[PDB]
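Residue numbers (my numbering), protein chains in the order written: chain A, 1 to 99; chain B, 100 to 396; chain C, 397 to 445; chain D, 446 to 687; chain E, 688 to 929; chain F, 930 to 978; chain G, 979 to 1223; chain H, 1224 to 1281; chain I, 1282 to 1339.
Using N, Cα and C, we set each Cβ at its ideal position, and we do this for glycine too.
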Amino acid sequence: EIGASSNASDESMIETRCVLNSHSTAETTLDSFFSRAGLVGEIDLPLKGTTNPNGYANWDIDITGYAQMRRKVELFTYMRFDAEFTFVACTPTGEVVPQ
Amino acid sequence: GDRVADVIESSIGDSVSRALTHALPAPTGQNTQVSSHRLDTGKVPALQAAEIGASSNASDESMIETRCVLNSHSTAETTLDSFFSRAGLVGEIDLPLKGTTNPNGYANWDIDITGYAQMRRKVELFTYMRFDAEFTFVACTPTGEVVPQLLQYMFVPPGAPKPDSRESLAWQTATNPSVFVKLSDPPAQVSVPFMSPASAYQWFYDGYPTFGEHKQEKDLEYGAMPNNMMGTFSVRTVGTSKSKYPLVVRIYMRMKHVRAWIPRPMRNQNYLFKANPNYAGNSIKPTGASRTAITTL
Amino acid sequence: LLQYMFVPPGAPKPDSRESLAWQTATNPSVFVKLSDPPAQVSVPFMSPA
Amino acid sequence: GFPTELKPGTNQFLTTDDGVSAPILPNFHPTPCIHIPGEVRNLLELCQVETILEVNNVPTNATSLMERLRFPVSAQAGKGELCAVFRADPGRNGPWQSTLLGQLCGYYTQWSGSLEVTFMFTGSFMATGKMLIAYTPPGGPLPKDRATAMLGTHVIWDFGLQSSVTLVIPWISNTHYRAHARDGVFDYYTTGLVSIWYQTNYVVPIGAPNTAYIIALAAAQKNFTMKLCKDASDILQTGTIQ
Amino acid sequence: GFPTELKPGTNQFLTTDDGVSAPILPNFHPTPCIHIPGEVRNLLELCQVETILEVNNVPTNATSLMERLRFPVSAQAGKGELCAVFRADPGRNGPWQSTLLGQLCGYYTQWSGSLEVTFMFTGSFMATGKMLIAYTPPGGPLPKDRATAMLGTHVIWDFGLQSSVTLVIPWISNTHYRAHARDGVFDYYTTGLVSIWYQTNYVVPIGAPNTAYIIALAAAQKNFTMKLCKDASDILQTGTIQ
Amino acid sequence: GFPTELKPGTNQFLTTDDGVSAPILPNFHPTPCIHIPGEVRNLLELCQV
Amino acid sequence: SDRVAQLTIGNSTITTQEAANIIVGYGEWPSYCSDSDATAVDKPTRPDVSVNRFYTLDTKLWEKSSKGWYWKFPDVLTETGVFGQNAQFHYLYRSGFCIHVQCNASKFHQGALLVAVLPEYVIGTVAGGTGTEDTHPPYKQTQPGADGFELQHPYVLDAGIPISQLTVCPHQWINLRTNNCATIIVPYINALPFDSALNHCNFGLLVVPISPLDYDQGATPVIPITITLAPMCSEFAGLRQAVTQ
Amino acid sequence: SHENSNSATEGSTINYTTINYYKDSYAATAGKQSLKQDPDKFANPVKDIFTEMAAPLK
Amino acid sequence: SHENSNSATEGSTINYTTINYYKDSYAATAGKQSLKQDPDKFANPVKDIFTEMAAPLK
Ligand SMILES: Cc1nc(-c2ccc(OCCCCCN3CCN(c4ccnc(N)c4)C3=O)cc2)no1
Ligand SMILES: Cc1nc(-c2ccc(OCCCCCN3CCN(c4ccnc(N)c4)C3=O)cc2)no1
């Protein structure tokens, strides 16, 4: 009812042995949990369509459009971070063109 | 209180490995020393007893007359890094235009080195192995031609969603790693740690993974330890539409920072299956060659 | 794309393009393209003598 | 110039490459940082926090979803009979998906350490009873009776002022680490079973209700660890978030 | 930036290039290592281990393949007659392919050092005999009689309690190293011949068998070395391992 | 990464370029050298003959 | 001194007159697990007498047309003694073994065996003979019991590997002119400090005659082969109900 | 390095080691963090703590 | 180098020399191993050793 977690341990409930644990806790940090690139946006510049046919496009900077990366950050409320964007251009077939 | 005596003198609780032997250096072969003739009784190195199961100890000095020879021949190229750290083929992934294997522009490959026997027969000399690695990817059409195409790779660990299509949501790769790369670029190449829960990759597991009444319809899980299935390797042509070009992807493994255990014999019959030491029974070829007469070459 | 493979003495010479001697597990090899520069490697003194 | 020689692994974008990249805004000094309460430096600070466990995950309809939170205990004859069971596998589909522990083991393959499961009794003050909680390690089948689950790790709890008890699920494994489990050959990494039983009965006087409810609370201990980060199975997106 | 100048040997993948490559899993600490018995740091620890030699490699059919392991010795007149022969070439096709030495010289071209061949007698305790083992170095033809093989390195052994003897094949070569041999001009690197003979006879009393069997055991000494690693001829694969 | 800037004289094979090249056989120790009579270190030893 | 030997562990005892020296598999002795290597927290149990003693399995026969045998350890003892009745209760297991083999004969008989210890000796079927037909070995060939199982193709040990190279393992011979027994001691060989005793089977003993038995009429034809063995440094952990398999 | 303290972590009580070439420290690497914890901020934030053995309510 | 001890050989009783740039030591080079042997682990593992000259069985 107090709203605090338990404090019982293996030693005080059963009979244990000595165990010298060397298992690191370094991969549960935030840099080692967040510093992994993911998709945040897409921008189309087609020839003839309806979205952006005139060879330009404006994208409103907003990470909240793909849920693998949104659900990681929405575990927390306030975040203070630098960043490193990366841009991958390609036709729909994956082909690479001199443009 | 340990007041009895059989508890004081007890050998229980011994975390020490009594080792009879102890390693020594040997950067060069042994230098043959000088000898002369001997005509004595008792002393008799030639006569051994092999029932004990130990090798001989007779040498050139104690059987014939030798000279002094200062051997400088190194033993550095017989080590394991100098024997294993040499790349070899471990896999192939096809992404053709229209076929039956993988026509929809994606492919999943189950990470398993045991599919080509030059590299399998080197590791199957040992049983337990602990090694980092260095994969390398070579992409090409069937003609060897090089084409301007973009590609994506994604390491799918265990317990993660395997992609079922080219336009799937598993390709966002927020937490999984990935490698974008083109074919006009050189080969891709990355490093790998020791990823097992255990302390070694055992190429031979004598047992079943699960408990139960082992019926005949569940004998296909003999020789399967999940502490070696290190996951899946996915690949696709980036886009929303199909590609203009067929492709083939070849995967090379290079082992480094190696440690090995348990020498054991070497395969002499052709391999047939994976995770399975089976051999053809009606076609048991000998270990080697043959001749016509023991009294003649 | 091209492949090279040093075949020392006593090793299986390949007899075809789709052969198994090209896995090059223990032999060295050099993948290289023509759009790239020349390939180039170093060699020791390899004789018994 | 200085001779170079481009090796493989060239003109590649590995997402997890901790390297240097160029800036866009030079001499940019950002806003200072005030003290905000609740700074968390590592995720293990959260995996050591109790969150409700859905042992009663039978219902599906949207009106009775709150019934998942608690399971009942009523009055019985006194033969030593079964009430509930569940596995000790956090990363596996089951009760453990309601937790913040079972959702942070989706972003990590392997795990270790000891676990803890705390129960709490929302019955009346004038009620009494005793229960036999057990942990049946791997290999062994599900116990059929109360005199078989007893042979494993077990705890006995009297209803009283202290309205809770802690079962502790120690680390019993051939391996140091455990990748997650499922039906197949990956049941080599199954944790076990929990199996709750009646020791005496649920006794209550005149005037009080005949049925009560128990709430559970799953968490970890201080030797829990995780590694080999990945992406989860639950991708909460159908098409385009617009 | 800093001037560079790309030399040849650029954008090439040499398999045997000990260089640096990028990782995928940062801050990944693997599982610790317990003590496992049987750590082998170098292959010469194995080449110094005796393994059975197939001198009797005449049979082919799958029922009589175990007959390769041992050759007989029976009772004869006493003229000093021939029993068996074989070469001292490990890497060459022959008896030496059964060994772990002759299979580890397939992954290495050149070799050196002295060799050792141990024999063992599986006959009856009440039997007697003597034998003349010989080593005929290169150049010389196969001996026709026992009074010609004698002129080389030879050993004489009496059957008795100690049921074994060691022949030693020393290092006699113009070269420090020897690449493997075969029919052609590469018989410049032939080792020689072994040629076993009768010195007195095979004597045995009433009641015991008239024929016995000898087992052989090939290995190396401490001055063996190998270099210039390669790939073997035996590729144990027809099509696709499925 | 570290900024570079490829100057001319790039992707060229000059035959007389005393530079470094990659090896194929690591930890290869060749055969030792005995004394052979007639070692000649320079050609002027011959032009004086 | 090297011929006569005695082996006293537990309530039991072994003698022998025409023997050879003792072998220690892979050059070291058994041991209990360290607090650093270990991972489980529960306190084991270590009986030290009721389990660490000589058990005798079954007595085979060696004709002239015999081919070989194998036994899987520690499967042989899962229904035998306070050892087996602990290994069913618990889930985790650790042990070593001493292994003693008997075969006697007079001074007119002749033959030779090979007594080897191979870790992780997977069994492989013949693939239907043609090679294409995928099969798998049944349960009574991978855990055959204490009654052992006989080989069909001993030149390849039923796994595509020769017997010519089995001496690189801990091996001994029984040449009936010289000796009459083989004593082998083995530590715990596995990548994991503890592992089950029912599913996993850590190594397999093999007994293959190379030179065949032979004699003359009027002599005793029955030449048995008996297998004796003893656990050592046995630990157990993870208590619960008994599991046959 | 004679660079600027533009990074976001300027003001934290942990130490990093990084690799950089440009003068702006938000272009540096992530690096290694200092390994610390504080579970009593989320698990036992009570005013008057209690002992493991002795029962809380008294 | 202020890197991590992530390599597989962390815990071996031999010494290496390597070349690395990334913070993760499993990306380093193979390098040179320490040259050692122990053939008596596989060739003469007996309990009571014997002398070369003197015969084993006595
Ligand atoms: C040359 C050139 N420069 C660049 C270049 C382009 C863009 C840059 O800003 C990247 C800033 C990332 C902003 C990330 N956040 C913070 C909060 N937040 C949201 C969004 C929507 N809803 C909520 N509730 C929160 C969000 O999305 C920098 C550089 N590329 O080209
Ligand atoms: C970006 C990206 N990352 C990667 C990337 C891809 C894969 C990786 O894992 C490489 C691990 C190599 C595993 C090698 N073993 C060990 C045991 N074993 C088997 C197999 C079958 N049977 C048996 N009996 C044993 C086997 O095969 C790492 C990285 N590439 O793209």
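Query, Result
"Local conformation of residue 109 of chain A per DSSP, three classes", "The shown model of chain A, from 1 to 99, leaves out residue 109 of chain A, and the question about it has no answer."
"DSSP beta-bridge partners of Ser290 of chain B", "B:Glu233"
"Rounded straight-line distance, which links the Cα of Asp1263 of chain H to that of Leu489 of chain D", "12 Å"
"Contacts that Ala709 of chain E makes with chain I (C-beta to C-beta distance below 8 Å)", "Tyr1303, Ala1308"
"Contact test: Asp62 of chain A Cβ vs ligand 1 heavy atom, cutoff 7 Å", "yes"
"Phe182 of chain B CB to nearest heavy atom of ligand 1 below 7 Å", "no"
"Unbroken beta strand (DSSP E) run spanning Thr573 of chain D, endpoints", "573-581"
"Below-8 Å beta-carbon distance, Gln886 of chain E vs any chain B residue", "no"
"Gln147 of chain B and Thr805 of chain E closer than 8 Å at C-beta", "yes"
"Bridge-paired residues (DSSP) for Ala661 of chain D", "D:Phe564"
"Exposure label - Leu123 of chain B; buried when at least 16 CB within 10 Å", "exposed"
"Per-residue DSSP class, three states only, for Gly536 of chain D", "coil"
"As assigned by DSSP and simplified to three states, the class of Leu791 of chain E", "helix"
"Contact with chain B by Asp1329 of chain I, beta-carbon distance below 8 Å", "no"
"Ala445 of chain C classed as buried or exposed, judged by whether at least 16 other C-beta atoms fall within 10 angstroms", "exposed"
"beta-carbon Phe566 of chain D near ligand 1 non-hydrogen atom, thresh 7 Å", "no"
"Contact check, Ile901 of chain E vs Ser1142 of chain G, beta carbons under 8 Å", "no"
"Buried versus exposed call for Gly696 of chain E [16 or more other C-beta atoms within 10 Å across all chains shown]", "buried"
"Test item: CB-CB of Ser1073 of chain G and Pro1052 of chain G under 8 Å", "yes"
"Residue from G:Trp1151, G:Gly1003, G:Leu985 with nearest C-alpha to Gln995 of chain G", "G:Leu985"
"Residue closest to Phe700 of chain E, alpha-carbon to alpha-carbon, out of C:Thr420, C:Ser443, C:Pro440", "C:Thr420"
"CB contact check: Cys916 of chain E to chain B, cutoff 8 Å", "yes"
"DSSP state of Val1054 of chain G mapped onto helix, strand, coil", "helix"
"For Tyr1249 of chain H, three-class secondary structure by DSSP", "helix"
"Selected residue, minimal CA-CA separation from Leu1129 of chain G, among G:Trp1047, G:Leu1191, G:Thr1023", "G:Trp1047"
"N-terminal and C-terminal residue of the beta strand (DSSP E) that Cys492 of chain D is part of", "No beta strand (DSSP E) holds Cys492 of chain D; the alpha helix (DSSP H) holding it covers 489-492."
"Check: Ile953 of chain F C-beta below 7 Å from any heavy atom of ligand 1", "no"
"Euclidean distance between Cα positions of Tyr643 of chain D and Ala665 of chain D", "26 Å"
"Rounded Cβ spacing between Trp541 of chain D and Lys575 of chain D (contact assumed at less than 8 Å)", "With 8 Å as the limit, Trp541 of chain D and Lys575 of chain D do not qualify as a contact, their Cβ atoms being about 27 Å apart."
"Option in E:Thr691, E:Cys720, E:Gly725 with minimal Cα separation from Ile361 of chain B", "E:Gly725"
"CA-to-CA distance, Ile680 of chain D to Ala67 of chain A, given in whole angstroms", "7 Å"
"Residues in the region 225-236 of chain B having any Cβ partner in chain E nearer than 7 Å", "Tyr227, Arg229, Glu233, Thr235"
"Within chain A, partners of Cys478 of chain D - CB distance below 7 Å", "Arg80"
"The region 1163-1175 of chain G touching the region 1066-1082 of chain G, judged by at least three CB pairs closer than 8 Å", "yes"
"Touching by the beta-carbon criterion (3+ pairs, under 8 Å), the region 525-542 of chain D and the region 625-640 of chain D", "yes"
"Buried/exposed call for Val503 of chain D, threshold 16 Cβ in 10 Å", "exposed"
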